[PDB]
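Here's a solo chain for you in structure tokens, the form deposited in one PDB entry.
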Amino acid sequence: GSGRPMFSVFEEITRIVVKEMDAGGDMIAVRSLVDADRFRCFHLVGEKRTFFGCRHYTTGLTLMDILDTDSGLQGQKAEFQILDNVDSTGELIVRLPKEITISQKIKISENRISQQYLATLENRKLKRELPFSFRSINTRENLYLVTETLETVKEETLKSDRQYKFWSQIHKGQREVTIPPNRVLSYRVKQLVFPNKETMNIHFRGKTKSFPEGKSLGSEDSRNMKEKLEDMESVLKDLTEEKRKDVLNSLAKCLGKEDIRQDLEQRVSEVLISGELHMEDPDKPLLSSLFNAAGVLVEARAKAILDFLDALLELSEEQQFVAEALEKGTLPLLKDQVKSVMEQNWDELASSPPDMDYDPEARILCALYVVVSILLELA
């Protein structure tokens, strides 16, 4: 359920692809090259809730890993349904802006799952042996099926000379990425719903929950980023200075350390889903701070820490600065600088509506702001 570090130049390219082909539509840009192989048609994608809204993450699963098996659908082995029911639906040209160089246009190829096949995904029964990646999904997250992809047709190398304003207002010229052939750049999804533990339907239009059994129609979160960050700060002020020290140290050990961050995220998610703390956690202090004086888990603390840990992923080149400012006690100056850049180049970006499409620079500034604010309040 974890995400992937920030790959800024690649996200720039894929977002340009999405703007020129489905501006304002439902096509989604692949953020990380690392995921451009597990976002193909028939692949299953998870949707988790973060500070900025929703994050799509790879599962490695496909529809065939969970589904029991004049349209041309009878026969076909039922094991290679992936290649047979994915049709090439044309080729397209994306004109690149001035900041992007190619080793002025990139060619891409579109693949789609046939509407016929997608029409058979009603009242389908899941397999009797479901992979652990599927049955251990947090029953509050969503699950999607990749329906359409746009991919490169050959190996490309691209450069961005675009400069981020916060680089000079807080020594690298161009950012380069080499994309292998047939790598997905943008995709479209359709939601998978599971009315019970043995059934699966496809959902085409409208927001919904993939696991609706026992749940009711409920108005979802609509807070902006400022409200969310302030509620986080209040959550940490309801903490014993000892619990505050525990959390601050556990978080400080994560800067520049991807494995510590991933393990802490997974463990906080574990204790959020279970509500229990066992006697086999070295990071038991942090996991202890998630419980109130009555030994009951405060989900707000777990969600705040998970949002901090997820925001750390958008800071691929900035965690060293934050750690230095935490050690030298200069986080106030850093927070002021970040707020200044946000107020100079963007408008009310700190009050952005939930699940806003963020340009990479904007998302990096917001993640930096959240991380610095949390570390400052905890100290």
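Each residue number is its position in the shown sequence, starting from 1. Rigid core (definition): largest C-alpha set, two forms, superposition within 1.5 Å.
Here the subject shifts to the form deposited in another entry, a form of this protein not shown in this document.
Asks: With both forms fit on the core, has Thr139 moved 2 Å or more by CA between this form and the one not shown?
Replies: Superposed on the core, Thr139 moves its C-alpha 2 Å or more between this form and the one not shown.
Asks: After a core superposition, would you say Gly256 shifts its C-alpha by at least 2 Å between this form and the one not shown?
Replies: The answer is no; the displacement is under 2 Å.
Asks: Relative to the superposed rigid core, does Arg112 relocate between this form and the one not shown - that is, does its Cα move 2 Å or more?
Replies: The answer is no; the displacement is under 2 Å.
Asks: Regarding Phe308 and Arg140, go with closer or farther for their CA spacing in that other deposited form versus this form, the difference being 3 Å or more.
Replies: Relative to this form, farther apart in that other deposited form.
Asks: By 3 Å or more, the Cα spacing of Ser373 and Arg140 differs in that other deposited form; is it closer or farther than in this view?
Replies: It is farther: the C-alpha separation of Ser373 and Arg140 rises by at least 3 Å in that other deposited form.
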